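Protein chains in written order, with the UniProt record's numbering: chain L, 16 to 290, 309 to 322; chain S, 16 to 290, 309 to 322; chain R, 6 to 688; chain W, 6 to 688. Quick reminder that beta carbons are idealized off the backbone N, C-alpha and C, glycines included. Some notes on the structure that comes next.
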Amino acid sequence: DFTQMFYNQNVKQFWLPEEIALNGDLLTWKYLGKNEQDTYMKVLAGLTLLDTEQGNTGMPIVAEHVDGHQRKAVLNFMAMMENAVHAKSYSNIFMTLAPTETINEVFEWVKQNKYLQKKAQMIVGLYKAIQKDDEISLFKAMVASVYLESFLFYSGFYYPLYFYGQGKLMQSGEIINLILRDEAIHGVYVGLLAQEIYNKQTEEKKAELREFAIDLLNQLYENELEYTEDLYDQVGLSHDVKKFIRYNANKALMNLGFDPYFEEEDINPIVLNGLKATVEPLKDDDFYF
Amino acid sequence: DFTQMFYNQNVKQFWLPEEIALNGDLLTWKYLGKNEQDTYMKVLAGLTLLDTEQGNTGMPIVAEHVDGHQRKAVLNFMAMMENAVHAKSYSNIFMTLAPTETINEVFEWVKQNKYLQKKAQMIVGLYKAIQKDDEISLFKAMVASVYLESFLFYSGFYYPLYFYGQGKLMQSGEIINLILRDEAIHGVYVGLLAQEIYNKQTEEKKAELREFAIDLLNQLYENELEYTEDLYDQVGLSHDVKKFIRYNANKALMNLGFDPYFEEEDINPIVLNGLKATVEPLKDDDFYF
Amino acid sequence: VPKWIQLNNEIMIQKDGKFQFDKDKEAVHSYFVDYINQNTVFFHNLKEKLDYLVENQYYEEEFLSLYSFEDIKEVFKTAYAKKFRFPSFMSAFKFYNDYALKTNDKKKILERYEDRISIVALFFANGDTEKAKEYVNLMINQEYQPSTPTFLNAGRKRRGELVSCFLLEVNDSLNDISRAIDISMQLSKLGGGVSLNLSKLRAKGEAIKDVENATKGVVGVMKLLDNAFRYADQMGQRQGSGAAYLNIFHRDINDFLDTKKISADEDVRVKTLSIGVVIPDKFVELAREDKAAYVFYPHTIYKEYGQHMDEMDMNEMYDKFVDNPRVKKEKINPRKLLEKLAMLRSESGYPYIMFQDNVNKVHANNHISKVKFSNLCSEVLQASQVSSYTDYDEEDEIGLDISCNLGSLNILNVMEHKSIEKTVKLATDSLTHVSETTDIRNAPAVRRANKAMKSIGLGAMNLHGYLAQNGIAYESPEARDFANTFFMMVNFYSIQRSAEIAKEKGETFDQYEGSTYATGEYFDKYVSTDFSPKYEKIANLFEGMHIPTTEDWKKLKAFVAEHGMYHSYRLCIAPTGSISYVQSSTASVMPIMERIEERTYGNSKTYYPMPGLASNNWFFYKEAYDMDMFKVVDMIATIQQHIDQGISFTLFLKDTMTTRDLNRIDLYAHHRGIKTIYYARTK
Amino acid sequence: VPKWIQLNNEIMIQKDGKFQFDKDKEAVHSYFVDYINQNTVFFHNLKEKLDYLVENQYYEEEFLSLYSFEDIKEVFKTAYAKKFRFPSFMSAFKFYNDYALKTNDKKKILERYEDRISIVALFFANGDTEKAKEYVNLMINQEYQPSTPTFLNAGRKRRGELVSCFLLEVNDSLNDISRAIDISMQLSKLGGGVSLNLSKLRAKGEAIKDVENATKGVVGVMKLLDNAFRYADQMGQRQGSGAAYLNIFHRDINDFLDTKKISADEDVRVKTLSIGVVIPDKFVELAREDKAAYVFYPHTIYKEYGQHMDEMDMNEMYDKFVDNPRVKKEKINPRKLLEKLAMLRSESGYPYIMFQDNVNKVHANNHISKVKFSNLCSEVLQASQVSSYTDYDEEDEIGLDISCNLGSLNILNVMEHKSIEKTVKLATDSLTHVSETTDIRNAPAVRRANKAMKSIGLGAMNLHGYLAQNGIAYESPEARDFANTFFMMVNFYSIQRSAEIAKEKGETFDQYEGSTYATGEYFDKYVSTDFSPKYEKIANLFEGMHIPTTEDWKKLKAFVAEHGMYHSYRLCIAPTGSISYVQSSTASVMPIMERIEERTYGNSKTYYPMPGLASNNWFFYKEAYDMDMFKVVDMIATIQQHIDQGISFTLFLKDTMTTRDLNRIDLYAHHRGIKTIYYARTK
Ligand SMILES: Nc1ncnc2c1ncn2[C@@H]1O[C@H](COP(=O)(O)OP(=O)(O)OP(=O)(O)O)[C@@H](O)[C@H]1O
Ligand SMILES: Nc1ncnc2c1ncn2[C@@H]1O[C@H](COP(=O)(O)OP(=O)(O)OP(=O)(O)O)[C@@H](O)[C@H]1O
Ligand SMILES: Cc1cn([C@H]2C[C@H](O)[C@@H](COP(=O)(O)OP(=O)(O)OP(=O)(O)O)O2)c(=O)[nH]c1=O
Ligand SMILES: [Mg+2]
Ligand SMILES: [Mg+2]
Ligand SMILES: [Mn+2]
Ligand SMILES: [Mn+2]
Ligand SMILES: [Mn+2]
Ligand SMILES: [Mn+2]
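Here it is as structure tokens:
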């Protein structure tokens, strides 16, 4: 009911890194404090590392196990965007803002970081556990994928959106907004594929899959809180970032056809600023009674 | 030495069939004989099948086994083109020119056609035989992919080109030329990757790999002859198409770094004719003059 | 979750295969012993309460100053002597959330049900202690319910207007269009729903002083009105609701309808303005005969004849319009237009359908004007004269813009008390008082029409509740017999009260002498046909009450001829959406949508069973969607024959049925004399 | 392709490495030999032509009846004796496509250039044949050009109003908002551009009748106005153009600005409503010192002080507003707001910038009111008093709404004829006549202010053309010296003519006695500073013309003291969009955007070189984008020191420069005394 519509929306959102000139960001970058520059670098590396997993494994593995030519084509298109567009875009932002040696060090740090690794390996673990012709294992991986696309990226997206909403780092913020817009549709699409599997299950199996999804969400959420404090306490933003994580967790759940887990909260306004009945002809004698 | 330039070439060649309006072919299509329309539909259906498997299976599987994020990005992009652009374009052509029943019948015809099933069996079999960290199985699949890109498509491409060259079906022909332009660069790129693996081998191993490549080519060739006769005898063109596929077989061999295998022949000259503003913050010195 | 919420949710938890309806009662007790009594503000006596409400700008002191405090105390004691108890949790919840007076910060409850009823009764009586006690007994027995504006705002300082609906006639001029926008914003600020007749506005592609193809048509005015209603949205509390009515013979009728298509572009789509279509009998005749019809350009007709297209009878002037070369027209397929109407109503429930000839064949005030459009709920059908709003520094010719006060009889409580006559007369007096104390300083035509027409709307609620609680199927002929007798009684006593008010005040409504009330024509069917019940069960239901006969109707006709009528219009059956909850009544005379309705409030969910729903009357509470719409049309026509204005008739459709079924229902409604059709709600 | 179009496109074809500019002249001949003469209606005599035009409702009888036919024939003969020839194809094309009178079928030409000029002169003179001949000589020499409304509509029965710039004050009420919408619709119907001040309107989240968070802010009013302007679009001829001005200290200023962002939603963005921002000196001081600013809620200020926020001086009121707890305010960063303004101007050219203190430190009528906002073109700067439009049947308090009378001097033609004095005085007389003959019956404050203030706007154009044809760079100090001298003489003769009219009629403008003209303060800088040219080249340019000295200015000051001044405002430099083509002149005092402009009419391409462009003056015709905007600001300030109202000042930016450069240009304009900034056109 939905693949051709998503095909259309995906291909009409096509874009390339070269379209946004990045050099003018140096005019606001130079005015940020060390903690702001440090947080930005670390967040950016976090997003880059997670998105690489999605391009190399997440999207291609789902495309491999999903049946249907049109679904495979949409999934291929999404994998292409990860590897050919998003990955080059993140690299471009880095090369503009930091010298080569600084980039290498930030990636070394984020590669060793406990909270980034915990979530990256949890997601990758579920992708590696998919078994041929087993729709339960595929569903679990789709849940992981939706959580990455619609939830885990957002502790990171917060900061570029925060600057973007203030008039700072506008070129890289525009790029991030385009990336985020792609991840949103990726999350919705994979969510619909997961619901299709979920709806084929018994009531007991459904309850079991719901417990899986909520348990996974809880593990990721508790690690996100730690990840958040680790990066954002030094710039005083953690409270507001936490509200943004929960709001996006609820969107991820709704993508999977589940109820929201967290109470509704308002979001930081700066980040917000960054962000037929059947026709039957009258046959006559219908005018007479 | 080459991936970056292929990356740039592939992304700059990006297109969608919807860019080409097809209603202009309606009259030249209406005017073709029943035999001509039948051959044309079947030819494009055979192409659709090849691109379906190249997009679903061939390109993604090669991407999985080839090392390097940039090489993977090129292969992922090529995969997307196969199933999200090329395979779909044929349906755009079918939906314009043919009624639903004729479309349904031709897709049923691909399923039961023995030559088309044999060529798919052979090519996809080699893709699915790739073993992780086994460069020889990978080479064999890359040879199969080059043969699909640079040889097997051409029994199909002949007919749209033959019409384009006579000023007939020129909108459909424009789509086909764009597809052909893509496959030419896909065949070269995969050919270069295959040569990388071949060049690592002993002379004895190389001799075996040439045997594999030539045996496979001959087996595919013999099947393609029967396929060509089956499609083209009713339009009187089988001998001409055979010359064309031999011509392109030599190009496939050359893409693999091998000498031409068939003698040169004169190809139908008709077919040859068928070929926001930047933002800076305000300084305190900008308020004084 | 609150205790009362759990008790209310315990209804659906079946015990021995049956719903736990009695649990609902427990919920109310909880809702009062845990929330209402704790959140209420108690004073030492009534004097301190009244003083606190007066000085803190909660109550108007003028209406309370007409009574000595002893009289107010007696009225409040009369209200509290009944020991009224809400039988369902949702009744009390709806009253204390939507109608009970709260503090400025809305943290405490200042008004109980008895307090609100006493204040409304004291406002109604206008200084008469005995009349105030009569109103208190009428409302605490829940025999009569003032409309949501009147019930909520009577006697309040921070109140809006007591009139629910306003109907504006828009003349074909920029000055008149701007004045209509201004008046719509003013009346939406006052809280009332505004309906505008756009049939006089010239269509798209008409000439503005000899330059042709210049007008934007009714769609531009529709966009202006939509933005005006969006801006004036009751200070952001309730979304501004407007209605636009267009004659089906207007050239813009398609574009009009295209405002509600789900595929409409943003420059055409209108989302906060309801649409209604006025269909003369000529259009139905053309569609029936499959003859291609003609929509007309209003300005060409006005130039040729000097009158607006909707100002004259299309049944006699359509052929003259078609044969006139100086009149511009476009060819349409009337059957295709009917199918478009049915498709639009299936998709979105719009447009409202007003059968103009059905309204005007029994309209008593055709001499003043024919009814050309209806209100936002498509139940007000009154004569209106368009106003000529001229340039600045020029005197405006003020016409008549319809406005009536709503009030509903609770049929179950009225018939249980055997007090049709007393309830009808007291409700008529209360509506007359509401009209008299209404003075709108920014709508001149509305003010003049209120002063002259003196039109009121006396509706009815709990028809289906009474029928189901008495073992009568809503679609049965016995139910239609009951409706016939009950509403003939209501009409008789409303006419009697109107004539008595005219006698006691020595004045009738303006231009009453030309009405069918003055000539005696209105009483024709009442002086020749007997409307007593034809079934023994209905007659037993009406026992203890004097059913008027042809002799009583003849006496009433003579009384009206001698004294006249105070009200041009008396009876109109409004939807009665949320105030039906407080009265423990089914909404209006419509059949119930569902036996138990699940409504989400806050983060909690509540279930409201229909009033009196139980095991023995489960199948008598048949859902409206499961009912035959033809028999519902028969019921509505039976009621409509005794109602001078219209009835908000919502169609309840199943998803399986096609647009042809909707068209058949509409044509049967037109055949049966249905004046207006409100909504096409699909299950 | 027509022959004249080929001859025009032959300009770009380079012969000997030079553009064939002279070929354009040939094109004109073709355009008259092939098209204009063939499609021009000819009559046996002028009597027959006038009878046909009057009888067929082309002309008005009243203005022609003031003359005998002999006088009208003499005026037409004086117009035709010049043997005027359009020097470029685009001049004749623009006149005969936009201004020449055509038949009702729009296929024949009834008016030539001489006919239109004679008719406008006869309308101006109001019965004086000699004055009509003087006007004919003024317009056929192309020294003075009445604005597009006056030039197009003078003497025509089927016409709009002769004024097209209207400034409305909107008071903080629903009645006033509805009246503003109505007046905007009526004035757009007349063909005028309407500017509305929204600073008095209370911000979003303010109280209506002491209910909190109720106001929709100025953005809802902007949506209403945008819908009104879309609806009223000159009978479907031109897109309805409106402007909204908000003070930068209004709290809605961000949301206001957010109406022009591309990312804004459909319920936020207004598309046909231009926006302007009024920036007091206090905001610039706060941004300069980087202190965080406060945007105030206007209704709280009005409640606390009894006056609107925009009605008092923010320089002395800002600290009191901030320190007042009863005044509600929100913290903002003024530098961030300036960067947002620059970014929005880069994206869309909006908002217009009004430097309030720059306007009001030289405003002569601050006693009447301070200039709170500008017009749609951001050059009208006049005192305005808000009106209190009350409810119906209640007397309104009519204030002053600005509507000035446009007309432009052709600097090249005026100075080559050595007729600054005569042209200025005749243009002032014509503007006075058009202001006196303007009577708008649907805009009460506009009519009252037109009767009282008698304000006119006398502009200038072809400044860059004159400078380039005289070997003077627009950015050179000699160009600024010439502008200083020329516009000081224009101001001198405008004041002299205003005082002469006041003496003749015995009346001044209302509240003139409180103006700086009456007190003599206005003439201070004129009685102490000599404005004679400081360069020999400019003095030789002014040879043959008496340049007013300090003694002449003292005599004029004494004359104004004795006799008063008839016009409250006299000079304003409008953009002069299409009349600059007909006059073969560069637009306004702005530098040229392109040396040769390429336009597409129908399916044909056309080429308009700037007037007098050749190989010798190709370098002096520097494009505006290539120019230093600081020197353009310097020239505009030099002119503005002699203009009582503002100048339509468009910034011309390259795509390379950032928002910092735009903000620097804006701040240098504020520093140099620039009153308004119109547009930020990016190349
Ligand atoms: N269903 C209800 N509707 C209205 N008010 C109610 C309802 N239930 C309780 N109350 C209010 O809460 C109070 C709680 O008293 P309750 O009904 O339990 O009986 P009580 O204490 O014996 O006295 P009484 O019934 O005589 O008022 C009532 O007096 C009444 O004011
Ligand atoms: N450049 C021009 N601008 C305006 N009108 C022009 C122009 N060229 C030609 N015309 C019109 O065409 C007529 C013919 O002018 P032409 O150049 O042939 O010679 P002429 O001596 O001016 O002619 P005539 O006897 O008409 O005065 C002019 O009188 C005028 O009405
Ligand atoms: C001014 C204007 C009018 N109209 C339409 C709407 C009105 O119903 C209709 C009448 O406008 P009027 O206000 O009556 O215009 P008019 O009186 O000057 O012209 P006429 O003498 O012909 O009456 O014109 C537009 O559609 N757009 C506009 O901008
Ligand atoms: Mg009119
Ligand atoms: Mg007010
Ligand atoms: Mn990505
Ligand atoms: Mn993604
Ligand atoms: Mn392909
Ligand atoms: Mn390929």
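Using three-state DSSP, classify residue i as helix, strand or coil.
i                     : result
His676 (chain W)      : helix
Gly202 (chain S)      : helix
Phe273 (chain S)      : coil
residue 709 (chain R) : What is shown of chain R runs 6 to 688, which leaves residue 709 (chain R) out entirely.
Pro154 (chain W)      : helix
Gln147 (chain R)      : coil
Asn214 (chain S)      : coil
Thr117 (chain L)      : helix
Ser204 (chain W)      : coil
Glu189 (chain S)      : helix
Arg161 (chain W)      : strand
residue 689 (chain R) : Within the shown structure, residues of chain R are numbered from 6 to 688, placing residue 689 (chain R) beyond reach of any answer.
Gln19 (chain W)       : strand
Since residue i and residue j should fall inside the 8 angstroms C-beta cutoff, what is the C-beta to C-beta distance between them, to a whole number of angstroms?
i                : j                : result
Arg256 (chain W) : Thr264 (chain W) : About 15 angstroms separates the two Cβ atoms, so there is no contact after all.
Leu47 (chain S)  : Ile108 (chain S) : At roughly 14 angstroms, the Cβ-Cβ gap does not stay under 8 angstroms, so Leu47 (chain S) and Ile108 (chain S) are not in contact.
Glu211 (chain W) : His304 (chain W) : 5 angstroms
What I want to know is whether the C-beta of residue i ends up closer than 7 angstroms to one or more non-hydrogen atoms of ligand 4.
i                : result
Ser193 (chain W) : no
Cβ-heavy atom distance between residue i and ligand 8 below 7 angstroms?
i                : result
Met157 (chain S) : no
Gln28 (chain S)  : no
Would you say the beta carbon of residue i comes nearer than 7 angstroms to a heavy atom of ligand 7?
i               : result
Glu97 (chain L) : yes
Kindly examine ligand 1 and report whether one of its heavy atoms sits closer than 7 angstroms to the Cβ of residue i.
i               : result
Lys88 (chain R) : yes
Item to complete: Kindly provide the ranges of any beta strand (DSSP E) runs that are 3 or more residues long and lie completely inside the segment 324 to 397 of chain R, ordered along the chain.
Response: 334 to 337 and 357 to 360
Fill in: Minimum length 4: unbroken alpha helix (DSSP H) runs contained in the segment 221 to 301 of chain W
222 to 236, 258 to 263 and 286 to 293
Worksheet item: Which residue spans inside the segment 632 to 671 of chain W form an unbroken alpha helix (DSSP H) run of at least 4?
Response: 634 to 645
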